[PDB]
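**Q** Structure file structure.cif, mmCIF, C-alpha atoms, is pasted below:
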data_data
#
loop_
_atom_site.label_atom_id
_atom_site.label_comp_id
_atom_site.auth_asym_id
_atom_site.auth_seq_id
_atom_site.Cartn_x
_atom_site.Cartn_y
_atom_site.Cartn_z
CA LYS A 1 -55.47 4.28 -54.21
CA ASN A 2 -56.06 3.34 -57.87
CA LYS A 3 -52.52 2.16 -58.63
CA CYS A 4 -50.72 -1.18 -58.89
CA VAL A 5 -48.77 -0.90 -55.63
CA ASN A 6 -47.20 -3.70 -53.59
CA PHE A 7 -48.91 -4.44 -50.28
CA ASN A 8 -47.94 -5.55 -46.78
CA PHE A 9 -50.96 -5.96 -44.48
CA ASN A 10 -49.54 -7.63 -41.32
CA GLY A 11 -47.60 -10.12 -43.46
CA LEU A 12 -50.16 -10.58 -46.26
CA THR A 13 -48.21 -9.52 -49.35
CA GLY A 14 -49.56 -9.01 -52.85
CA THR A 15 -49.78 -6.72 -55.85
CA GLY A 16 -52.92 -4.96 -57.02
CA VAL A 17 -55.07 -1.85 -56.89
CA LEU A 18 -57.25 -0.40 -54.12
CA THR A 19 -60.95 0.42 -54.52
CA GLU A 20 -63.57 1.53 -52.00
CA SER A 21 -65.90 -1.16 -50.69
CA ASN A 22 -69.60 -1.48 -51.51
CA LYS A 23 -70.80 -4.60 -49.69
CA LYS A 24 -71.21 -4.75 -45.92
CA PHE A 25 -69.16 -6.83 -43.50
CA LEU A 26 -69.32 -8.29 -40.02
CA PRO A 27 -68.01 -6.03 -37.23
CA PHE A 28 -65.65 -8.88 -36.25
CA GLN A 29 -64.53 -9.53 -39.85
CA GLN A 30 -60.90 -8.94 -40.81
CA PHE A 31 -60.56 -10.09 -44.44
CA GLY A 32 -62.57 -11.93 -47.06
CA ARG A 33 -61.96 -14.60 -49.68
CA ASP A 34 -63.59 -15.56 -52.97
CA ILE A 35 -64.16 -19.05 -54.40
CA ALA A 36 -60.65 -19.06 -55.91
CA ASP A 37 -58.98 -18.74 -52.44
CA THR A 38 -57.83 -15.21 -53.29
CA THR A 39 -57.77 -12.13 -51.08
CA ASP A 40 -60.70 -9.99 -52.23
CA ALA A 41 -60.89 -7.52 -49.32
CA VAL A 42 -58.55 -6.43 -46.52
CA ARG A 43 -58.99 -4.10 -43.55
CA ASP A 44 -56.57 -1.42 -42.39
CA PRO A 45 -55.53 -2.26 -38.80
CA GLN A 46 -55.30 1.41 -37.75
CA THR A 47 -58.29 2.83 -39.66
CA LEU A 48 -61.79 1.34 -39.84
CA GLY B 1 -46.67 -32.03 -49.87
CA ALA B 2 -45.40 -28.47 -49.43
CA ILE B 3 -45.90 -26.02 -46.55
CA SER B 4 -48.58 -23.74 -48.02
CA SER B 5 -50.38 -23.12 -51.32
CA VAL B 6 -49.13 -19.52 -51.76
CA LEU B 7 -45.83 -18.83 -53.51
CA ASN B 8 -45.35 -15.59 -51.55
CA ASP B 9 -45.67 -17.54 -48.29
CA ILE B 10 -42.73 -19.88 -48.94
CA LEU B 11 -40.43 -17.12 -50.21
CA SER B 12 -41.06 -15.03 -47.08
CA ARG B 13 -40.54 -17.67 -44.35
CA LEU B 14 -37.67 -19.83 -45.63
CA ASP B 15 -34.18 -19.30 -47.07
CA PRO B 16 -33.30 -19.79 -50.79
CA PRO B 17 -31.17 -22.82 -49.87
CA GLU B 18 -34.40 -24.46 -48.63
CA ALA B 19 -37.14 -22.55 -50.49
CA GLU B 20 -36.39 -24.26 -53.82
CA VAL B 21 -37.44 -27.66 -52.44
CA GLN B 22 -41.03 -26.57 -51.73
CA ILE B 23 -41.33 -24.79 -55.09
CA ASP B 24 -40.26 -28.04 -56.82
CA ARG B 25 -43.19 -29.85 -55.18
CA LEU B 26 -45.56 -27.10 -56.38
CA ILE B 27 -44.29 -26.88 -59.97
CA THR B 28 -44.59 -30.63 -60.63
CA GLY B 29 -48.01 -30.65 -58.95
CA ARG B 30 -49.37 -27.90 -61.19
CA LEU B 31 -47.69 -29.24 -64.34
CA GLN B 32 -49.71 -32.47 -64.19
CA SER B 33 -52.90 -30.41 -63.79
CA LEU B 34 -52.23 -28.49 -67.01
CA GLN B 35 -51.37 -31.64 -68.97
CA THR B 36 -54.68 -33.16 -67.84
CA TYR B 37 -56.77 -30.20 -69.03
CA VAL B 38 -55.24 -30.07 -72.53
CA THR B 39 -55.50 -33.84 -73.04
CA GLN B 40 -59.17 -33.96 -72.04
CA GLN B 41 -59.85 -30.94 -74.25
CA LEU B 42 -58.21 -32.58 -77.28
CA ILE B 43 -60.49 -35.63 -77.06
CA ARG B 44 -63.61 -33.45 -76.75
CA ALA B 45 -62.44 -31.38 -79.74
CA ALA B 46 -62.55 -34.49 -81.95
CA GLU B 47 -66.23 -35.27 -81.31
CA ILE B 48 -67.31 -31.71 -82.12
CA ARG B 49 -65.19 -32.05 -85.27
#
I need this file expressed as structure tokens, please.

**A**
Amino acid sequence: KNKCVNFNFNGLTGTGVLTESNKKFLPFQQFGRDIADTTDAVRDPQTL
Amino acid sequence: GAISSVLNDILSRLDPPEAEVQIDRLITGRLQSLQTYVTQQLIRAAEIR
């Protein structure tokens, strides 16, 4: 966490940092998007 | 007119013989959007002047 590291979450690439979540999600939710069509949150497939 | 709207999507699914065609449709699409914003800002900057 807390470093500009490249990502590969089941094909979803990117470059950014990792920060712990504060808002709640649906139990059937996988990822979220903002108004800019950008990935704002992603879930680890092996860890909840 | 391209496949997707993400540049990392086209570079990961296609080959560089064919990937440059879809980037060409995305560069010319976004270049006309930046020329529109500057031109409409330059007319609004004259009325405040």

**Q** Give the centre and edge lengths of an axis-aligned box, in Å to one decimal, that holds all listed atoms of range 10-24 of chain A with 5 Å on each side, as AutoDock Vina command-line options.

**A**
--center_x -59.4 --center_y -4.5 --center_z -49.2 --size_x 33.6 --size_y 22.1 --size_z 25.7

**Q** Could you tell me which residues of chain B sit within 12 Å of chain A when counting all atoms listed in the file, and give me the result as an MDAnalysis selection string?

**A** chainID B and resid 5:13

**Q** Once the PyMOL selection byres ((chain A and resi 16-25) around 6) is applied to the coordinates I shared, what remains selected? I want it as an mmCIF file with C-alpha atoms, in the coordinates of the input.

**A**
data_model
loop_
_atom_site.group_PDB
_atom_site.id
_atom_site.type_symbol
_atom_site.label_atom_id
_atom_site.label_comp_id
_atom_site.auth_asym_id
_atom_site.auth_seq_id
_atom_site.Cartn_x
_atom_site.Cartn_y
_atom_site.Cartn_z
ATOM 1 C CA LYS A 1 -55.470 4.280 -54.210
ATOM 2 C CA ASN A 2 -56.060 3.340 -57.870
ATOM 3 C CA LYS A 3 -52.520 2.160 -58.630
ATOM 4 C CA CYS A 4 -50.720 -1.180 -58.890
ATOM 5 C CA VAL A 5 -48.770 -0.900 -55.630
ATOM 6 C CA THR A 15 -49.780 -6.720 -55.850
ATOM 7 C CA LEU A 26 -69.320 -8.290 -40.020
#

**Q** Could you jot down the CA of residue 6 in chain A to CA of residue 40 in chain A separation for me, Å, one decimal place?

**A**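 Going from CA of residue 6 in chain A over to CA of residue 40 in chain A, I get 15.0 Å.
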
**Q** Spell out the residues picked by the PyMOL selection byres ((chain B and resi 26-42) around 12) here, as a list in words.

**A**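 Going through the file, the PyMOL selection byres ((chain B and resi 26-42) around 12) ends up selecting residues 1, 2, 3, 4, 5, 6, 7, 10, 19, 20, 21, 22, 23, 24, 25, 43, 44, 45, 46, 47, 48 and 49 of chain B.
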
**Q** Just give me the gap between CA of residue 10 in chain A and CA of residue 45 in chain A in Å, one decimal is fine.

**A** 8.4 Å

**Q** What separation in Å, quoted to one decimal, exists between CA of residue 7 in chain A and CA of residue 31 in chain A?

**A**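 Computing the Euclidean distance for CA of residue 7 in chain A and CA of residue 31 in chain A yields 14.2 Å.
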
**Q** Could I see range 20-45 of chain B restored to N, CA, C and O atoms, set down as a PDB file, in the coordinates of the input?

**A**
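result_33.pdb was written with the following content:
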ATOM      1  N   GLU B  20     -36.264 -23.642 -52.502  1.00  0.00           N
ATOM      2  CA  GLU B  20     -36.390 -24.260 -53.820  1.00  0.00           C
ATOM      3  C   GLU B  20     -36.921 -25.687 -53.750  1.00  0.00           C
ATOM      4  O   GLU B  20     -37.339 -26.224 -54.783  1.00  0.00           O
ATOM      5  N   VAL B  21     -36.914 -26.310 -52.571  1.00  0.00           N
ATOM      6  CA  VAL B  21     -37.440 -27.660 -52.440  1.00  0.00           C
ATOM      7  C   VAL B  21     -38.968 -27.643 -52.453  1.00  0.00           C
ATOM      8  O   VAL B  21     -39.610 -28.490 -53.086  1.00  0.00           O
ATOM      9  N   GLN B  22     -39.573 -26.656 -51.789  1.00  0.00           N
ATOM     10  CA  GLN B  22     -41.030 -26.570 -51.730  1.00  0.00           C
ATOM     11  C   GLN B  22     -41.623 -26.039 -53.029  1.00  0.00           C
ATOM     12  O   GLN B  22     -42.779 -26.341 -53.344  1.00  0.00           O
ATOM     13  N   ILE B  23     -40.862 -25.242 -53.785  1.00  0.00           N
ATOM     14  CA  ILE B  23     -41.330 -24.790 -55.090  1.00  0.00           C
ATOM     15  C   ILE B  23     -41.302 -25.950 -56.089  1.00  0.00           C
ATOM     16  O   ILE B  23     -42.165 -26.040 -56.974  1.00  0.00           O
ATOM     17  N   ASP B  24     -40.347 -26.876 -55.934  1.00  0.00           N
ATOM     18  CA  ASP B  24     -40.260 -28.040 -56.820  1.00  0.00           C
ATOM     19  C   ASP B  24     -41.451 -28.973 -56.626  1.00  0.00           C
ATOM     20  O   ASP B  24     -41.904 -29.604 -57.586  1.00  0.00           O
ATOM     21  N   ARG B  25     -41.991 -29.050 -55.407  1.00  0.00           N
ATOM     22  CA  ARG B  25     -43.190 -29.850 -55.180  1.00  0.00           C
ATOM     23  C   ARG B  25     -44.448 -29.152 -55.689  1.00  0.00           C
ATOM     24  O   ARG B  25     -45.459 -29.822 -55.922  1.00  0.00           O
ATOM     25  N   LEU B  26     -44.409 -27.831 -55.866  1.00  0.00           N
ATOM     26  CA  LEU B  26     -45.560 -27.100 -56.380  1.00  0.00           C
ATOM     27  C   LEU B  26     -45.539 -26.936 -57.894  1.00  0.00           C
ATOM     28  O   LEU B  26     -46.606 -26.780 -58.497  1.00  0.00           O
ATOM     29  N   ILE B  27     -44.361 -26.966 -58.519  1.00  0.00           N
ATOM     30  CA  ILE B  27     -44.290 -26.880 -59.970  1.00  0.00           C
ATOM     31  C   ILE B  27     -44.721 -28.192 -60.614  1.00  0.00           C
ATOM     32  O   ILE B  27     -45.527 -28.204 -61.551  1.00  0.00           O
ATOM     33  N   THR B  28     -44.221 -29.319 -60.098  1.00  0.00           N
ATOM     34  CA  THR B  28     -44.590 -30.630 -60.630  1.00  0.00           C
ATOM     35  C   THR B  28     -46.036 -30.998 -60.309  1.00  0.00           C
ATOM     36  O   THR B  28     -46.620 -31.827 -61.014  1.00  0.00           O
ATOM     37  N   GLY B  29     -46.619 -30.412 -59.266  1.00  0.00           N
ATOM     38  CA  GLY B  29     -48.010 -30.650 -58.950  1.00  0.00           C
ATOM     39  C   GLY B  29     -48.944 -29.918 -59.897  1.00  0.00           C
ATOM     40  O   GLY B  29     -49.990 -30.448 -60.283  1.00  0.00           O
ATOM     41  N   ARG B  30     -48.573 -28.696 -60.275  1.00  0.00           N
ATOM     42  CA  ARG B  30     -49.370 -27.900 -61.190  1.00  0.00           C
ATOM     43  C   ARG B  30     -49.082 -28.195 -62.656  1.00  0.00           C
ATOM     44  O   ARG B  30     -49.878 -27.808 -63.519  1.00  0.00           O
ATOM     45  N   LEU B  31     -47.968 -28.865 -62.959  1.00  0.00           N
ATOM     46  CA  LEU B  31     -47.690 -29.240 -64.340  1.00  0.00           C
ATOM     47  C   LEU B  31     -48.527 -30.435 -64.781  1.00  0.00           C
ATOM     48  O   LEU B  31     -48.897 -30.525 -65.957  1.00  0.00           O
ATOM     49  N   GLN B  32     -48.834 -31.353 -63.864  1.00  0.00           N
ATOM     50  CA  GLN B  32     -49.710 -32.470 -64.190  1.00  0.00           C
ATOM     51  C   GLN B  32     -51.174 -32.057 -64.261  1.00  0.00           C
ATOM     52  O   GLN B  32     -51.978 -32.782 -64.855  1.00  0.00           O
ATOM     53  N   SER B  33     -51.534 -30.915 -63.673  1.00  0.00           N
ATOM     54  CA  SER B  33     -52.900 -30.410 -63.790  1.00  0.00           C
ATOM     55  C   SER B  33     -53.130 -29.726 -65.131  1.00  0.00           C
ATOM     56  O   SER B  33     -54.251 -29.755 -65.648  1.00  0.00           O
ATOM     57  N   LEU B  34     -52.094 -29.113 -65.705  1.00  0.00           N
ATOM     58  CA  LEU B  34     -52.230 -28.490 -67.010  1.00  0.00           C
ATOM     59  C   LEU B  34     -52.161 -29.501 -68.143  1.00  0.00           C
ATOM     60  O   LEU B  34     -52.778 -29.295 -69.194  1.00  0.00           O
ATOM     61  N   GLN B  35     -51.416 -30.594 -67.956  1.00  0.00           N
ATOM     62  CA  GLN B  35     -51.370 -31.640 -68.970  1.00  0.00           C
ATOM     63  C   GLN B  35     -52.655 -32.453 -68.995  1.00  0.00           C
ATOM     64  O   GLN B  35     -52.982 -33.068 -70.015  1.00  0.00           O
ATOM     65  N   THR B  36     -53.388 -32.478 -67.880  1.00  0.00           N
ATOM     66  CA  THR B  36     -54.680 -33.160 -67.840  1.00  0.00           C
ATOM     67  C   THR B  36     -55.759 -32.353 -68.548  1.00  0.00           C
ATOM     68  O   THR B  36     -56.620 -32.932 -69.218  1.00  0.00           O
ATOM     69  N   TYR B  37     -55.717 -31.022 -68.437  1.00  0.00           N
ATOM     70  CA  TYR B  37     -56.770 -30.200 -69.030  1.00  0.00           C
ATOM     71  C   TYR B  37     -56.654 -30.146 -70.550  1.00  0.00           C
ATOM     72  O   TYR B  37     -57.674 -30.134 -71.248  1.00  0.00           O
ATOM     73  N   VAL B  38     -55.429 -30.125 -71.081  1.00  0.00           N
ATOM     74  CA  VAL B  38     -55.240 -30.070 -72.530  1.00  0.00           C
ATOM     75  C   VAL B  38     -55.574 -31.412 -73.169  1.00  0.00           C
ATOM     76  O   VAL B  38     -56.156 -31.469 -74.261  1.00  0.00           O
ATOM     77  N   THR B  39     -55.245 -32.514 -72.486  1.00  0.00           N
ATOM     78  CA  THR B  39     -55.500 -33.840 -73.040  1.00  0.00           C
ATOM     79  C   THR B  39     -56.987 -34.166 -73.063  1.00  0.00           C
ATOM     80  O   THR B  39     -57.478 -34.788 -74.011  1.00  0.00           O
ATOM     81  N   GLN B  40     -57.725 -33.750 -72.031  1.00  0.00           N
ATOM     82  CA  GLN B  40     -59.170 -33.960 -72.040  1.00  0.00           C
ATOM     83  C   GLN B  40     -59.878 -32.993 -72.975  1.00  0.00           C
ATOM     84  O   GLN B  40     -60.994 -33.279 -73.423  1.00  0.00           O
ATOM     85  N   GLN B  41     -59.258 -31.854 -73.286  1.00  0.00           N
ATOM     86  CA  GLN B  41     -59.850 -30.940 -74.250  1.00  0.00           C
ATOM     87  C   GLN B  41     -59.611 -31.396 -75.685  1.00  0.00           C
ATOM     88  O   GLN B  41     -60.429 -31.107 -76.566  1.00  0.00           O
ATOM     89  N   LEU B  42     -58.513 -32.109 -75.935  1.00  0.00           N
ATOM     90  CA  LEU B  42     -58.210 -32.580 -77.280  1.00  0.00           C
ATOM     91  C   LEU B  42     -59.076 -33.765 -77.692  1.00  0.00           C
ATOM     92  O   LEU B  42     -59.289 -33.968 -78.892  1.00  0.00           O
ATOM     93  N   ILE B  43     -59.577 -34.543 -76.733  1.00  0.00           N
ATOM     94  CA  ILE B  43     -60.490 -35.630 -77.060  1.00  0.00           C
ATOM     95  C   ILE B  43     -61.895 -35.086 -77.308  1.00  0.00           C
ATOM     96  O   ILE B  43     -62.605 -35.551 -78.209  1.00  0.00           O
ATOM     97  N   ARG B  44     -62.308 -34.078 -76.534  1.00  0.00           N
ATOM     98  CA  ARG B  44     -63.610 -33.450 -76.750  1.00  0.00           C
ATOM     99  C   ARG B  44     -63.646 -32.621 -78.028  1.00  0.00           C
ATOM    100  O   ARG B  44     -64.726 -32.439 -78.596  1.00  0.00           O
ATOM    101  N   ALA B  45     -62.498 -32.126 -78.493  1.00  0.00           N
ATOM    102  CA  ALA B  45     -62.440 -31.380 -79.740  1.00  0.00           C
ATOM    103  C   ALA B  45     -62.562 -32.267 -80.971  1.00  0.00           C
ATOM    104  O   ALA B  45     -62.800 -31.748 -82.067  1.00  0.00           O
TER     105      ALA B  45
END
